[PDB]
Amino acid sequence: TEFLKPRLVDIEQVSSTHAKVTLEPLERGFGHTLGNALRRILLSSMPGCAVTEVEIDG
Amino acid sequence: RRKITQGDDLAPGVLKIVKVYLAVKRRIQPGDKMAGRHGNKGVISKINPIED
């Protein structure tokens, strides 16, 4: 069996708006197993902070 | 054996014709036209892995 090693990661970066991680190599079904897995993480569970509740004293 | 030995005459003049067979397996791929008996037609866009 043979394996691949992720290389050439051409990070197109703009200060704070967005990062576009270009990267090779991905056989059929890996930009999937990873890409969707990441958006899953980014819409459902990512340990960060936020305001839970706000009481307007007025 | 008679049929095998002298039944090879084909065309006047060109009595020696060499016919060769070339078997070529052709598969299903992005661009094939698949349908059903009922009438519905179709052409495969992108045959995805069974993962999806």
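Residues numbered from 1 in each chain as written, not as in the entry; some residues may be left out. Chains lettered and ligands numbered in written order. Part of a larger assembly, values for the part shown. Heavy atoms only, no water. Residues with missing side-chain atoms left out of burial classes, pairs and counts.

Its PDB header attributes the entry to cryo-EM and lists the resolution as 7.9 Å.

Visitor: Help me out: how do you make sense of the overall build of chain B in this one?
Guide: When you go through chain B residue by residue, the secondary structure sums to 1 helix and 0 strands. The C-alpha atoms of chain B give a radius of gyration of 23 Å, which is well past the 10 Å a tight globule of 52 residues would have. (Helix = DSSP H or I, 4+ residues; strand = E, 2+ residues; numbered from the N terminus. Rg over C-alpha atoms; globule rule 2.2 N^0.38 Å.)

Visitor: I would appreciate a short explanation of the overall build of chain A in the present structure.
Guide: The number of helices and strands found in chain A is 1 helix and 2 strands. The order of α-helices and β-strands along chain A, N terminus first, is β-β-α. Taken against the 2.2 N^0.38 rule, which gives 10 Å for 58 residues, the C-alpha radius of gyration of chain A at 18 Å runs more than 25% over that of a compact globule. In chain A, buried positions account for 2% of the 58 residues. Both charge centroids of chain A, one from 6 positive and one from 8 negative side chains, sit 14 Å from each other. (Buried < 20%, exposed > 50% of the residue type's maximum accessible area, 1.4 Å probe, protein only. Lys, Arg positive; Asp, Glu negative; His and termini not counted. Charge placed at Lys NZ, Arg CZ, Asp CG, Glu CD.)

Visitor: Please clarify how the environment of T17 of chain A should be interpreted in this entry.
Guide: Following the sequence through the fold, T17 of chain A ends up in the loop between β1 (11–14) and β2 (18–21). Sequence separation between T17 of chain A and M46 of chain A is 29 residues; the distance between their C-alpha atoms is 19 Å.

Visitor: How do you make sense of the layout of surface pockets when you look at a structure like this?
Guide: The rolling of a water-molecule-sized probe over the atoms marks out the regions of remaining empty space. Its volume calculated, the largest pocket comes out at about 420 Å³. The wall of the largest pocket is formed by 16 residues, among which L23, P25, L26, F30 and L34 of chain A lie closest to the centre. Of the residues that constitute the lining of the largest pocket, the class distribution is 11 nonpolar, 2 polar and 3 charged. Roughly 160 Å³ of volume is contained in the second largest pocket. Taken together, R28, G29 and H32 of chain A together with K46, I47, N48, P49 and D52 of chain B make up the lining of the second largest pocket. Looking at side-chain class alone, the lining of the second largest pocket contains 2 nonpolar, 3 polar and 3 charged residues. (1 Å grid on protein atoms, 1.4 Å probe; cavity = no way out; pocket = protein on both sides within 12 Å on 5 of 7 lines; lining within 4 Å. Points joined across faces, edges and corners; volume = space filled by probe spheres on them. Nonpolar A, V, L, I, M, F, W, Y, C, P; charged D, E, K, R; others polar.)

Visitor: Got a minute to help me understand a nonpolar patch on the surface in this structure?
Guide: Taken together, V9, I11, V21, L23, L26 and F30 of chain A make up a surface patch of nonpolar side chains, about 550 Å² in accessible area. For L23 of chain A, a relative accessible area of 36% gives the class partly exposed. (Patch = residues over 30% accessible without salt bridge, like charges linked within 9 Å, V, L, I, M, F, W, Y side chains within 5 Å. Areas by Shrake-Rupley, 256 points an atom, 1.4 Å probe, with all protein chains shown as cover. Salt bridge = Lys/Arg side-chain N within 4 Å of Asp/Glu carboxyl O.)

Visitor: Teacher, can you tell me more about the environment of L34 of chain A here?
Guide: Counting through the fold element by element, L34 of chain A comes out in helix α1 (residues 30–44). Of the residues examined, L34 of chain A reaches a relative accessible area of 45% and is grouped as partly exposed.

Visitor: Just to check I follow, could you spell out unusual backbone geometry for this structure?
Guide: When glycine is set aside, most residues are seen to have a negative phi, and most peptide bonds are trans. Residues and elements named next belong to chain A. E24 connects to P25 through a cis peptide bond whose omega is -5°. Relative to the elements of secondary structure, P25 occurs in the loop between β2 and α1. Here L8, not a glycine, exhibits a phi torsion of approximately 40°, which is positive. Looking at the secondary structure, you find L8 in the segment before β1. On the basis of relative accessible area, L8 is assigned to the exposed category, the value being 53%.

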